[PDB]
Amino acid sequence: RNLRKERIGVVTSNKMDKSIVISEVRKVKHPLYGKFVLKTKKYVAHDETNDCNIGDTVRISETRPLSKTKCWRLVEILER
Amino acid sequence: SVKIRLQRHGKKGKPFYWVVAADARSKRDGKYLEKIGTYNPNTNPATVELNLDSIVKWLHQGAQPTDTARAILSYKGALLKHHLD
Amino acid sequence: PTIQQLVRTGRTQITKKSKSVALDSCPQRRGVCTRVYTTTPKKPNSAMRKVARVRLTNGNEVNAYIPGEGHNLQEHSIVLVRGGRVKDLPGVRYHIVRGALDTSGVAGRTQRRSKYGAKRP
Amino acid sequence: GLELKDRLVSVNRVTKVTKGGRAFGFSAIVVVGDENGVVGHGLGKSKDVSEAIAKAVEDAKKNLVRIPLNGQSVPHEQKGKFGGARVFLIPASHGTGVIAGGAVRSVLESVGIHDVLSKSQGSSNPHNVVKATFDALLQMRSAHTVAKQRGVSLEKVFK
Amino acid sequence: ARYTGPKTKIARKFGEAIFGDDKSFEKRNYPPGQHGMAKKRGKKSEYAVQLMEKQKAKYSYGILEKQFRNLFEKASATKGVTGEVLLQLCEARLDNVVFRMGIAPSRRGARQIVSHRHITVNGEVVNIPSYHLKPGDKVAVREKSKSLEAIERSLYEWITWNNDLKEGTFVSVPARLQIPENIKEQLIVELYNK
Amino acid sequence: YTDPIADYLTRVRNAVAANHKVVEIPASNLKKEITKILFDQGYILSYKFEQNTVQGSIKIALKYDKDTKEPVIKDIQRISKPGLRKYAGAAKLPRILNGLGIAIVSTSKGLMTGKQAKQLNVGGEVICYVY
RNA sequence: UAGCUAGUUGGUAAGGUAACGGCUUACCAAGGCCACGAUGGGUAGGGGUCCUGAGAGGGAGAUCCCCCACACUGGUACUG
RNA sequence: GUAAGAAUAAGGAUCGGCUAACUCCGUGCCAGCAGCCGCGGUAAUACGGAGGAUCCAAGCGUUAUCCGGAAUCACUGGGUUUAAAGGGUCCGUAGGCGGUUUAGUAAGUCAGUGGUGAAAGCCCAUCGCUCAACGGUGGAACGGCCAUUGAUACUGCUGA
């Protein structure tokens, strides 16, 4: 295989059918002042039985595009 | 069809060719795949720097040499070596 | 100041407003004159400087200063403005090339011949 | 030293207003150095230029200072302010040259430096920039001096 | 281009005979001009000093400012003493070596003999005066113009010159402590870094 | 506080400026490591780790010459700050005082000097520099 | 320039395309983005690179090479 | 390669200070010059001409657009009593920073390996055009990104 990309994030909202949206925070150094800045990005993952709720810590992996703006799936729910 | 051809890179009056494998649908001295050898027809011996470790590899992969390419690869080897099955 | 303040809003760099603006950022511009007259400096100089109202090819009305002595510069003449203001006439911010299409050069000039458009005697 | 050469940095004409008219006067700054180890600056005030320069060099002949100039130039980088000016001296090589300003060049040529880079990111007053260069040059201590002050051999300060 | 003018004037405006210590160096040694013969300006600026110290070397060899700056920034690529390598590459010129070998007693004659296919360098004839002689070159004289009238008429520590075959075997690149010249390279470096 | 390391350096700098003899700084592992490094490099005379406190004290004796005192600590400043952390591998270490000063670098092995870490080819975070 | 989006956001079945996919259709829910700058306006092809500068940076994207868009102004399909 | 013949070939800018180079003649706040200071009202080293001098050189000056000098937007590398600059004062949201010790992970940080970072271009070294420009070869660089293996001193997270 090839071990497609994987991210770890926090569930932000569950208001859709069989789909969740999580937010991932990363600390990147500023290109000029060299100060580490917390930048956020929101992914859209795929859920089957609607198990995770807002405030959890999930781990998603990149797959084929299952829909528009939806190319991830939750596999490794860690904390609730 | 990937072909083994020559790319002109010298100066005005004195040419200097690179024996390189490239796609036929590309410009002469532009994009290529992998530089193979080097040809300098500025001295009497007509110096060459062929690389028989990749020439036969490209020939097996499906390269198609031209007249000058197959005349440079003639008196430097890799043709009597590509023939051996 | 603070690194956090700089990260939020960095240093603002100004644009350095140019000097010669009404010539479209070209070295020379052709133009036609409409009024050739004379003006006074501010102080304490006392003279009669020769200026001309030139309408450039890009639709700009400027005031050019005629260098040297000796010229025709009628009410309608094709001149070539190059730029370079003077600190005596308020408003004149351009110069006219001597030796251009229609403007005359100078006679009896021998030292600064490259300027004022004078041939070598 | 004994073979002291002088150099006039700047001569400025001053004026004092009185009831009658203007009372002129000349002030001169002269840096005199042995070109090897010692240098000193002085100020002279008079009415004639030659008398002012003579008083300046006679006052600068006193209070000479010794400066370490390891090899051919300064041992390390140093800053000197003395109020208005702000001079920064950095050693370069053994063949670079003295890249200095207007008044710093005379001081660096009179003290005996031949390859250094000095940036004056401050005022342009000859009265203050010479003293700023002096303040930046007197704070320099060589490797032997720092080793003796620490108490460690002269190999741990390098390794 | 070349100077092609009076050399005594150039010697007088610098106070040092660089084209041969001979006639006219004395006898009004003061600089030329109607205002140079009189009491010149006393206060001489450091910029004037550096500029004249550069022009002395720029006039002694016959180099223009363009080529001099090119050679300076070429020699400045060496990590050693910049002025030292500058003077070394300026001395390594072909016409300068021909002048030092005894032939063409002046550099102005060196850059008129070398530019006439009268001298050969390592076999093939080289008629370029700015030719940079690397250490270990063999300079000879063309056999056609070998028995000339001026060559035998006109005929160092690093040049091994042999008069029997017009040899000279340029080797052992000299140093500042060996090249005799009354010029200060540190001033030239400071002027070009100004 | 905002930077105990900055306070530890500031107390020493102020005492040196005021021509004191001993300082009674609070204690911590990082301050003890910095004190050990400084004593090994030869910028302080002696140091004592005083107990009988909830945190503990560090009593450091400052060094001056026996004539023309001229304190050996002329400039002791920080490079990394809690508002801007500056790290560097074993190629971008500073050149404090042209090799005549020390630069403390917290490395993956421990607390070392800028010159003692370049030999080990380890990077780390530059904490402070002393002339 | 503080609200924007209504096939828009997600799902269930079909039609499909070389190929997954609101790409399209039928049905259900109201979702999705936004101060870490949506939306709106002005300008602009992008990069390897060029100039300058001690460096950090700043200013441009000719000629050489790679990618994209276009062929009087617009739309559509066939052959392959 | 052979044969007459120095024959077939030097100009532009500047000269009060910045900035390298000064004397005279004519005009008398006029004509004019000028990048800034600014010169000319009848003894002008600043205007025009002549002589001399300086720089560059088959080029020399002006204009237009850029970088440096400008530490004059400052992370490197500035300030806020009187020169421009502390909000009229508190509370507090988002955010920024974090007293001591200890256990765990290793996200930031550091080190190694593999892949990539096209060619061309800059730099270094070496060869061919009589040298150079130019061209060939090699190295360095491409400060970056992905995967993996280690260290745990400092920051982040969890527990005490």
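So that the names make sense, note that chain A is the first sequence line, chain B the second, and so on, each numbered from 1.
The side chain to side chain contact (heavy atoms under 4.5 Å, CB included) search around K86(F) returns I79(F), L84(F), not counting sequence neighbours. Partners of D3(F) by salt bridge (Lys or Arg N to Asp or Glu O under 4.0 Å), not counting sequence neighbours, listed by chain and number: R78(F). For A88(F), the side chain to side chain contact (heavy atoms under 4.5 Å, CB included) test picks out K92(F), with sequence neighbours left out.
In terms of heavy-atom proximity, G123(F) sits nearest to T107(F) at O-CG2, 3.2 Å. For the pair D29(B) and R8(B), the tightest heavy-atom approach, listed with the atom from each and the gap, is CB-O, 4.1 Å. When all heavy atoms of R98(C) and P67(C) are compared, the closest pair comes out as NH2-O, 3.0 Å.
Nucleic acid contact class of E24(A) (heavy atoms, under 4.0 Å, all strands): none. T12(C) comes within 4.0 angstrom of a base, heavy atoms only. Among the atoms of the strands shown, only primed sugar atoms or phosphate atoms (P, OP1, OP2) are found under 4.0 Å from some heavy atom of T110(C). Residue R93(E) is classed as having no contact, given no heavy-atom separation below 4.0 Å to the nucleic acid. Within 4.0 Å (heavy atoms only), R26(A) reaches no atom of the nucleic acid at all. Using a 4.0 Å heavy-atom distance criterion, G30(B) is classed as a sugar-phosphate-only contact. Using a 4.0 Å heavy-atom cutoff across all strands shown, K9(E) reaches sugar-phosphate atoms only and no base atom. At a threshold of 4.0 angstrom between heavy atoms, the contacts of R8(B) with the nucleic acid are absent. Residue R142(E) is classed as a sugar-phosphate contact, given heavy-atom separations below 4.0 Å to backbone atoms only. Using a 4.0 Å heavy-atom cutoff across all strands shown, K12(B) reaches no nucleic acid atom at all. Across all strands shown, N45(C) has heavy atoms under 4.0 Å from base atoms, whether or not it also approaches the sugar-phosphate. Within 4.0 Å (heavy atoms only), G122(D) reaches no atom of the nucleic acid at all. At a threshold of 4.0 angstrom between heavy atoms, the contacts of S80(F) with the nucleic acid are absent. Nucleic acid contact class of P129(E) (heavy atoms, under 4.0 Å, all strands): none.
Using atom P as the reference point in both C50(G) and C64(G), the two lie 15 Å apart (nearest Å). If you take atom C1' in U8(H) and the same atom in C15(H), they sit 36 Å apart, rounded to whole Å. Comparing the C1' positions of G104(H) and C20(G) gives an interatomic distance of 43 Å, to the nearest angstrom. Comparing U42(H) with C30(H), their P atoms are spaced 12 Å from each other, to the whole Å. For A58(H) and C25(H), the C1' atoms lie 35 Å apart once the distance is rounded to whole Å. Spacing between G48(G) and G59(G) at atom P, rounded to whole Å, works out to 15 Å. For the P atom pair drawn from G1(H) and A6(H), the interatomic distance equals 22 Å after rounding to whole Å.
The distance between atom CG of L84(F) and atom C1' of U109(H), rounded to the nearest whole Å, is 14 Å. Rounded to whole Å, the distance from CG on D3(F) to P on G96(H) is 18 Å. At whole-Å resolution of the value, CZ in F36(A) and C1' in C157(H) are 17 Å apart.
The cationic group of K56(E) does not satisfy the cation-pi geometry with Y59(E), failing either the under 6.0 Å distance to the six-membered ring centre or the 45° limit from the ring axis. With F16(B) as the aromatic partner, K11(B) does not meet the cation-pi criteria of under 6.0 angstrom to the ring centre and within 45 degrees of the ring axis.
More than 12 non-hydrogen atoms from other residues, nucleotides or ligands lie less than 6.0 angstrom from CZ of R111(E).
Contacts from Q111(C) map to the major groove: a side-chain heavy atom sits under 5.0 Å from a major-groove N or O of a paired base.
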Please list, for nucleotides 110-113 of chain H, all pairs of protein and nucleotide N/O atoms separated by less than 3.5 Å.
residue: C110(H); atom: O2'; partner: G123(F); partner atom: N; Å: 2.9
residue: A111(H); atom: OP1; partner: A90(F); partner atom: N; Å: 3.2

Could you go over nucleotides 133-137 of chain H and give all protein N or O partners under 3.5 Å, atom names and distances?
residue: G135(H); atom: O3'; partner: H9(B); partner atom: O; Å: 3.2
residue: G136(H); atom: OP1; partner: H9(B); partner atom: O; Å: 3.0
residue: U137(H); atom: OP1; partner: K35(B); partner atom: NZ; Å: 2.6

Quick one: which protein N/O atoms are closer than 3.5 Å to N/O atoms of nucleotides 58-62 of chain H? Pair and distance per line, please.
residue: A58(H); atom: OP2; partner: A1(E); partner atom: N; Å: 3.0
residue: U62(H); atom: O2'; partner: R82(C); partner atom: NH1; Å: 3.2

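Base pairing in RNA chain H gives the following stems of 3 or more Watson-Crick or G-U pairs, range against range and under 3.5 Å: H:11-15 with H:52-56, H:16-18 with H:35-37, H:22-26 with H:47-51, H:101-104 with H:157-160, H:110-116 with H:144-150, H:123-128 with H:134-139. Helical stems in RNA chain G, defined as runs of 3 or more consecutive Watson-Crick or G-U wobble pairs with both donor-acceptor distances under 3.5 Å, are listed by first residue as G:3-5 with G:31-33, G:8-15 with G:23-30, G:45-48 with G:64-67, G:49-52 with G:57-60.
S80(F) and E125(F) share a donor-acceptor pair across their side chains, judged by distance under 3.5 Å alone. For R142(E) and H118(E), the side-chain atoms include no donor-acceptor pair closer than 3.5 Å. Of the N and O atoms on the side chains of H46(A) and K70(A), at least one donor lies less than 3.5 Å from an acceptor on the other residue.
In this structure, of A74(H), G99(H), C36(H), it is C36(H) that holds the atom nearest to the side chain of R85(C). Relative to the side chain of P82(F), the nucleotides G98(H), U100(H), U130(H) differ in distance, and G98(H) lies closest. With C75(H), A21(H), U100(H) as the choices, the nucleotide that has an atom nearest any side-chain atom of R41(E) turns out to be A21(H). In the set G96(H), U130(H), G11(G), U130(H) carries the atom at the smallest distance from any side-chain atom of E124(E).
Counting heavy atoms from C-beta outward, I119(E) and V139(E) have side chains that approach closer than 4.5 Å. Side-chain contact between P94(F) and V126(F) is present, with at least one heavy-atom pair separated by less than 4.5 Å.
For residues 22-33 of chain A, the side-chain hydrogen bond (donor to acceptor under 3.5 Å, both in side chains) pairs, not counting sequence neighbours, are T12(A)-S23(A). Legend: side-chain hydrogen bond (donor to acceptor under 3.5 Å, both in side chains) pairs involving residues 111-121 of chain C, not counting sequence neighbours: none detected.
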Checklist outcome for this item: Each nucleotide of nucleotides 14-25 of chain G classed B (base within 4.0 Å of a protein heavy atom), S (only sugar-phosphate) or -, in 5' to 3' order, makes ------BS-S--
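For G11(H), the base has no donor-acceptor partner in the side chain of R113(C) [N/O atoms by modelled type, under 3.5 angstrom]. For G32(H), the base has a donor-acceptor partner in the side chain of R49(C) [N/O atoms by modelled type, under 3.5 angstrom].
Within residues 2-10 of chain C, the residues having any heavy atom closer than 4.0 Å to RNA chain H are, in order of number, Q4(C), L6(C).
The distance between the ring centers of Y65(C) and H95(C) falls below 6.0 angstrom.
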